[PDB]
Every structure is written in structure tokens, then in C-alpha cells.
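Working notes, structure below.
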Amino acid sequence: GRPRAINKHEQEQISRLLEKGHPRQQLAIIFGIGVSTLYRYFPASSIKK
DNA sequence: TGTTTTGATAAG
DNA sequence: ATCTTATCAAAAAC
């Protein structure tokens with residue numbers, strides 16, 4: 001199996017960024033991961049909260 | 001001639 | 001004119 005594109009530290013970190021209005025397009029670049037991958041790990045439905 | 005996640009992309 | 005979601009070929013590592 002392929003390796004996850006993001007460890008735990010990055011997740012909650014990205015998680016917090018997304019709850020500040022940071023565009024997923026921005027955080028894909030900074031962390032080097034696909035935008036679509038950001039929607040899977042952090043659905044927009046689980047952030048509005 | 002053989003599992004797990006990524007990420008482009010169409011669809012809503 | 002975006003934002004999101006669901007999908008799925010294929011990469012990546014075994």
C-alpha cells in the first residue's frame with residue numbers, strides 16, 4: 001500500500017488552518033498535497049463546525 | 001501474469 | 001464563478 005501524504009502533526013495543523021478560512025488551494029501548496037486530498041481528509045462539512 | 005492511498009476531474 | 005463531493009485511473013509501496 002501507498003503512503004499517506006500527511007502525518008498526524010500536519011493534519012490537526014492543517015485542520016486548524018482550515019478553520020481560519022485558509023483556502024485549501026493555499027495549504028496544498030504549502031504542505032505539498034493535492035487539493036482533492038484535502039477535501040477527503042477534511043470535508044467542508046466537517047469544518048463549518 | 002501480483003494493497004492502500006493519492007489526486008485529477010466530472011457532476012451538482 | 002466558485003466550492004464540494006464522489007469517482008476512479010494510477011501511483012506508490014509491498
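Ligands are numbered from 1 in the order shown, chains are lettered A, B, ... in the order of the C-alpha cells, and residues start at 1 in each chain.
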
- Message: Please identify all residues of chain A having at least one atom at most 9 Å from any atom of chain C, considering only C-alpha atoms (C1' of nucleotides), and return them as a ChimeraX atom specification.
- Response: /A:1-3,39-40,43-45

Those same residues - N, CA and C atoms - I'd like them written as a compact mmCIF listing (two decimals), in the first residue's frame.
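File produced: part_22.txt:
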# COMPACT_ATOMS: atom_id res chain seq x y z
N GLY A 1 0.78 -1.28 0.00
CA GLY A 1 0.00 0.00 0.00
C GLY A 1 0.80 1.30 0.00
N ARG A 2 0.30 2.28 -0.74
CA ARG A 2 0.91 3.60 -0.84
C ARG A 2 0.96 4.34 0.51
N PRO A 3 1.88 5.30 0.66
CA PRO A 3 1.92 6.00 1.95
C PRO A 3 1.04 7.25 2.04
N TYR A 39 -9.90 17.76 0.67
CA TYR A 39 -11.34 17.61 0.87
C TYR A 39 -11.68 16.23 1.44
N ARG A 40 -10.88 15.21 1.11
CA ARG A 40 -11.12 13.89 1.64
C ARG A 40 -10.77 13.83 3.10
N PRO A 43 -13.34 17.18 4.91
CA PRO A 43 -14.55 17.58 4.18
C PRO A 43 -15.01 18.95 4.64
N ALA A 44 -15.63 19.72 3.74
CA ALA A 44 -16.09 21.07 4.07
C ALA A 44 -17.20 20.99 5.10
N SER A 45 -17.87 19.84 5.13
CA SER A 45 -18.97 19.57 6.04
C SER A 45 -18.49 19.38 7.47

- Message: Quick check: residues of chain A within 12 Å of chain B, only C-alpha atoms (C1' of nucleotides), returned as a ChimeraX atom specification.
- Response: /A:1-6,28,32-41

Once you have the residues from the selection above, write them out as a PDB file, in the first residue's frame, restricted to N, CA, C and O atoms.
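Heads up, here's the output in result02.pdb:
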ATOM      1  N   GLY A   1       0.783  -1.280   0.000  1.00  0.00           N
ATOM      2  CA  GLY A   1       0.000   0.000   0.000  1.00  0.00           C
ATOM      3  C   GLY A   1       0.796   1.303   0.000  1.00  0.00           C
ATOM      4  O   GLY A   1       1.830   1.431   0.656  1.00  0.00           O
ATOM      5  N   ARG A   2       0.297   2.282  -0.741  1.00  0.00           N
ATOM      6  CA  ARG A   2       0.913   3.597  -0.843  1.00  0.00           C
ATOM      7  C   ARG A   2       0.962   4.339   0.507  1.00  0.00           C
ATOM      8  O   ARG A   2       0.192   4.053   1.415  1.00  0.00           O
ATOM      9  N   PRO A   3       1.882   5.299   0.663  1.00  0.00           N
ATOM     10  CA  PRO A   3       1.919   6.004   1.947  1.00  0.00           C
ATOM     11  C   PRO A   3       1.042   7.247   2.045  1.00  0.00           C
ATOM     12  O   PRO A   3       0.893   8.017   1.084  1.00  0.00           O
ATOM     13  N   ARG A   4       0.460   7.437   3.224  1.00  0.00           N
ATOM     14  CA  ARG A   4      -0.367   8.588   3.467  1.00  0.00           C
ATOM     15  C   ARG A   4       0.466   9.820   3.154  1.00  0.00           C
ATOM     16  O   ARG A   4       1.671   9.829   3.373  1.00  0.00           O
ATOM     17  N   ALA A   5      -0.176  10.858   2.616  1.00  0.00           N
ATOM     18  CA  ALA A   5       0.522  12.094   2.249  1.00  0.00           C
ATOM     19  C   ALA A   5       0.698  13.042   3.412  1.00  0.00           C
ATOM     20  O   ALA A   5       1.329  14.078   3.251  1.00  0.00           O
ATOM     21  N   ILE A   6       0.137  12.705   4.573  1.00  0.00           N
ATOM     22  CA  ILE A   6       0.258  13.567   5.741  1.00  0.00           C
ATOM     23  C   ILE A   6       0.159  12.871   7.096  1.00  0.00           C
ATOM     24  O   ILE A   6      -0.803  12.153   7.393  1.00  0.00           O
ATOM     25  N   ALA A  28      -2.394  23.327   0.064  1.00  0.00           N
ATOM     26  CA  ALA A  28      -1.951  22.188  -0.729  1.00  0.00           C
ATOM     27  C   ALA A  28      -0.517  22.508  -1.124  1.00  0.00           C
ATOM     28  O   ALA A  28       0.379  21.668  -1.040  1.00  0.00           O
ATOM     29  N   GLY A  32       2.421  20.658   0.198  1.00  0.00           N
ATOM     30  CA  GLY A  32       2.719  19.721  -0.871  1.00  0.00           C
ATOM     31  C   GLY A  32       1.768  18.533  -0.972  1.00  0.00           C
ATOM     32  O   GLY A  32       2.215  17.387  -0.942  1.00  0.00           O
ATOM     33  N   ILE A  33       0.464  18.791  -1.069  1.00  0.00           N
ATOM     34  CA  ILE A  33      -0.520  17.720  -1.206  1.00  0.00           C
ATOM     35  C   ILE A  33      -1.682  18.189  -2.082  1.00  0.00           C
ATOM     36  O   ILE A  33      -2.028  19.368  -2.095  1.00  0.00           O
ATOM     37  N   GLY A  34      -2.292  17.266  -2.811  1.00  0.00           N
ATOM     38  CA  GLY A  34      -3.375  17.641  -3.699  1.00  0.00           C
ATOM     39  C   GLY A  34      -4.565  18.273  -3.023  1.00  0.00           C
ATOM     40  O   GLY A  34      -4.914  17.896  -1.935  1.00  0.00           O
ATOM     41  N   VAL A  35      -5.200  19.238  -3.664  1.00  0.00           N
ATOM     42  CA  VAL A  35      -6.365  19.857  -3.065  1.00  0.00           C
ATOM     43  C   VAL A  35      -7.420  18.807  -2.791  1.00  0.00           C
ATOM     44  O   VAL A  35      -7.960  18.768  -1.683  1.00  0.00           O
ATOM     45  N   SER A  36      -7.708  17.948  -3.781  1.00  0.00           N
ATOM     46  CA  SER A  36      -8.769  16.949  -3.598  1.00  0.00           C
ATOM     47  C   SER A  36      -8.534  16.121  -2.355  1.00  0.00           C
ATOM     48  O   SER A  36      -9.486  15.773  -1.662  1.00  0.00           O
ATOM     49  N   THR A  37      -7.261  15.862  -2.058  1.00  0.00           N
ATOM     50  CA  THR A  37      -6.817  15.117  -0.867  1.00  0.00           C
ATOM     51  C   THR A  37      -7.173  15.861   0.403  1.00  0.00           C
ATOM     52  O   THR A  37      -7.329  15.253   1.446  1.00  0.00           O
ATOM     53  N   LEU A  38      -7.276  17.180   0.308  1.00  0.00           N
ATOM     54  CA  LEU A  38      -7.622  17.999   1.449  1.00  0.00           C
ATOM     55  C   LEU A  38      -9.111  17.899   1.733  1.00  0.00           C
ATOM     56  O   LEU A  38      -9.544  17.950   2.899  1.00  0.00           O
ATOM     57  N   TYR A  39      -9.904  17.763   0.673  1.00  0.00           N
ATOM     58  CA  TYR A  39     -11.344  17.612   0.869  1.00  0.00           C
ATOM     59  C   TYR A  39     -11.678  16.225   1.444  1.00  0.00           C
ATOM     60  O   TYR A  39     -12.642  16.085   2.181  1.00  0.00           O
ATOM     61  N   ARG A  40     -10.883  15.210   1.110  1.00  0.00           N
ATOM     62  CA  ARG A  40     -11.122  13.889   1.640  1.00  0.00           C
ATOM     63  C   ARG A  40     -10.771  13.827   3.103  1.00  0.00           C
ATOM     64  O   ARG A  40     -11.559  13.354   3.894  1.00  0.00           O
ATOM     65  N   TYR A  41      -9.578  14.272   3.470  1.00  0.00           N
ATOM     66  CA  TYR A  41      -9.190  14.267   4.869  1.00  0.00           C
ATOM     67  C   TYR A  41     -10.081  15.220   5.672  1.00  0.00           C
ATOM     68  O   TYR A  41     -10.560  14.871   6.755  1.00  0.00           O
TER      69      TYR A  41
END

- Task: Go through chain A and collect every residue that DSSP, computed from the backbone, puts in helix (DSSP H, G or I); the answer should be as a PyMOL selection string.
- Result: chain A and resi 8-18+24-31+35-41+44-46

Write out, as a PDB file, in the first residue's frame, the residues just selected, with N, CA and C atoms.
ATOM      1  N   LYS A   8       0.187  12.847  11.424  1.00  0.00           N
ATOM      2  CA  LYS A   8      -0.724  13.403  12.422  1.00  0.00           C
ATOM      3  C   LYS A   8      -0.507  14.896  12.658  1.00  0.00           C
ATOM      4  N   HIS A   9       0.743  15.278  12.901  1.00  0.00           N
ATOM      5  CA  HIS A   9       1.087  16.671  13.161  1.00  0.00           C
ATOM      6  C   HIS A   9       0.549  17.611  12.105  1.00  0.00           C
ATOM      7  N   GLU A  10       0.728  17.235  10.843  1.00  0.00           N
ATOM      8  CA  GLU A  10       0.264  18.039   9.724  1.00  0.00           C
ATOM      9  C   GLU A  10      -1.251  18.148   9.712  1.00  0.00           C
ATOM     10  N   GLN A  11      -1.935  17.040   9.970  1.00  0.00           N
ATOM     11  CA  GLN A  11      -3.390  17.045   9.955  1.00  0.00           C
ATOM     12  C   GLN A  11      -4.052  18.082  10.853  1.00  0.00           C
ATOM     13  N   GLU A  12      -3.895  17.946  12.167  1.00  0.00           N
ATOM     14  CA  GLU A  12      -4.507  18.890  13.105  1.00  0.00           C
ATOM     15  C   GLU A  12      -4.021  20.300  12.822  1.00  0.00           C
ATOM     16  N   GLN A  13      -2.818  20.401  12.272  1.00  0.00           N
ATOM     17  CA  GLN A  13      -2.232  21.693  11.931  1.00  0.00           C
ATOM     18  C   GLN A  13      -3.025  22.283  10.774  1.00  0.00           C
ATOM     19  N   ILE A  14      -3.195  21.487   9.716  1.00  0.00           N
ATOM     20  CA  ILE A  14      -3.940  21.900   8.528  1.00  0.00           C
ATOM     21  C   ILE A  14      -5.370  22.107   8.948  1.00  0.00           C
ATOM     22  N   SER A  15      -5.824  21.239   9.839  1.00  0.00           N
ATOM     23  CA  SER A  15      -7.177  21.281  10.378  1.00  0.00           C
ATOM     24  C   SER A  15      -7.487  22.653  10.978  1.00  0.00           C
ATOM     25  N   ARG A  16      -6.550  23.160  11.777  1.00  0.00           N
ATOM     26  CA  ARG A  16      -6.689  24.459  12.422  1.00  0.00           C
ATOM     27  C   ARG A  16      -6.613  25.589  11.406  1.00  0.00           C
ATOM     28  N   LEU A  17      -5.770  25.420  10.398  1.00  0.00           N
ATOM     29  CA  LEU A  17      -5.657  26.431   9.368  1.00  0.00           C
ATOM     30  C   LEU A  17      -6.983  26.531   8.622  1.00  0.00           C
ATOM     31  N   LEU A  18      -7.574  25.399   8.266  1.00  0.00           N
ATOM     32  CA  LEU A  18      -8.837  25.427   7.552  1.00  0.00           C
ATOM     33  C   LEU A  18      -9.936  26.129   8.337  1.00  0.00           C
ATOM     34  N   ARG A  24      -8.078  25.970   0.732  1.00  0.00           N
ATOM     35  CA  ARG A  24      -7.433  24.667   0.558  1.00  0.00           C
ATOM     36  C   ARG A  24      -6.366  24.746  -0.546  1.00  0.00           C
ATOM     37  N   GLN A  25      -6.582  25.614  -1.530  1.00  0.00           N
ATOM     38  CA  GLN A  25      -5.620  25.762  -2.615  1.00  0.00           C
ATOM     39  C   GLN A  25      -4.257  26.202  -2.074  1.00  0.00           C
ATOM     40  N   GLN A  26      -4.278  27.031  -1.030  1.00  0.00           N
ATOM     41  CA  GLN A  26      -3.054  27.537  -0.393  1.00  0.00           C
ATOM     42  C   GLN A  26      -2.312  26.488   0.398  1.00  0.00           C
ATOM     43  N   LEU A  27      -3.045  25.770   1.236  1.00  0.00           N
ATOM     44  CA  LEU A  27      -2.461  24.729   2.075  1.00  0.00           C
ATOM     45  C   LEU A  27      -1.970  23.484   1.313  1.00  0.00           C
ATOM     46  N   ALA A  28      -2.394  23.327   0.064  1.00  0.00           N
ATOM     47  CA  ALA A  28      -1.951  22.188  -0.729  1.00  0.00           C
ATOM     48  C   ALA A  28      -0.517  22.508  -1.124  1.00  0.00           C
ATOM     49  N   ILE A  29      -0.309  23.757  -1.523  1.00  0.00           N
ATOM     50  CA  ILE A  29       0.997  24.235  -1.944  1.00  0.00           C
ATOM     51  C   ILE A  29       1.966  24.234  -0.802  1.00  0.00           C
ATOM     52  N   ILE A  30       1.599  24.886   0.303  1.00  0.00           N
ATOM     53  CA  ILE A  30       2.470  24.933   1.477  1.00  0.00           C
ATOM     54  C   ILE A  30       2.878  23.543   1.973  1.00  0.00           C
ATOM     55  N   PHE A  31       1.942  22.610   2.013  1.00  0.00           N
ATOM     56  CA  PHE A  31       2.262  21.302   2.524  1.00  0.00           C
ATOM     57  C   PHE A  31       2.590  20.279   1.460  1.00  0.00           C
ATOM     58  N   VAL A  35      -5.200  19.238  -3.664  1.00  0.00           N
ATOM     59  CA  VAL A  35      -6.365  19.857  -3.065  1.00  0.00           C
ATOM     60  C   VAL A  35      -7.420  18.807  -2.791  1.00  0.00           C
ATOM     61  N   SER A  36      -7.708  17.948  -3.781  1.00  0.00           N
ATOM     62  CA  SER A  36      -8.769  16.949  -3.598  1.00  0.00           C
ATOM     63  C   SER A  36      -8.534  16.121  -2.355  1.00  0.00           C
ATOM     64  N   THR A  37      -7.261  15.862  -2.058  1.00  0.00           N
ATOM     65  CA  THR A  37      -6.817  15.117  -0.867  1.00  0.00           C
ATOM     66  C   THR A  37      -7.173  15.861   0.403  1.00  0.00           C
ATOM     67  N   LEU A  38      -7.276  17.180   0.308  1.00  0.00           N
ATOM     68  CA  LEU A  38      -7.622  17.999   1.449  1.00  0.00           C
ATOM     69  C   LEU A  38      -9.111  17.899   1.733  1.00  0.00           C
ATOM     70  N   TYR A  39      -9.904  17.763   0.673  1.00  0.00           N
ATOM     71  CA  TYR A  39     -11.344  17.612   0.869  1.00  0.00           C
ATOM     72  C   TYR A  39     -11.678  16.225   1.444  1.00  0.00           C
ATOM     73  N   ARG A  40     -10.883  15.210   1.110  1.00  0.00           N
ATOM     74  CA  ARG A  40     -11.122  13.889   1.640  1.00  0.00           C
ATOM     75  C   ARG A  40     -10.771  13.827   3.103  1.00  0.00           C
ATOM     76  N   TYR A  41      -9.578  14.272   3.470  1.00  0.00           N
ATOM     77  CA  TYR A  41      -9.190  14.267   4.869  1.00  0.00           C
ATOM     78  C   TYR A  41     -10.081  15.220   5.672  1.00  0.00           C
ATOM     79  N   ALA A  44     -15.628  19.716   3.742  1.00  0.00           N
ATOM     80  CA  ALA A  44     -16.095  21.070   4.069  1.00  0.00           C
ATOM     81  C   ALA A  44     -17.202  20.992   5.098  1.00  0.00           C
ATOM     82  N   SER A  45     -17.870  19.840   5.127  1.00  0.00           N
ATOM     83  CA  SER A  45     -18.974  19.565   6.042  1.00  0.00           C
ATOM     84  C   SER A  45     -18.495  19.376   7.468  1.00  0.00           C
ATOM     85  N   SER A  46     -17.225  19.010   7.630  1.00  0.00           N
ATOM     86  CA  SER A  46     -16.682  18.788   8.964  1.00  0.00           C
ATOM     87  C   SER A  46     -15.837  19.948   9.424  1.00  0.00           C
TER      88      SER A  46
END
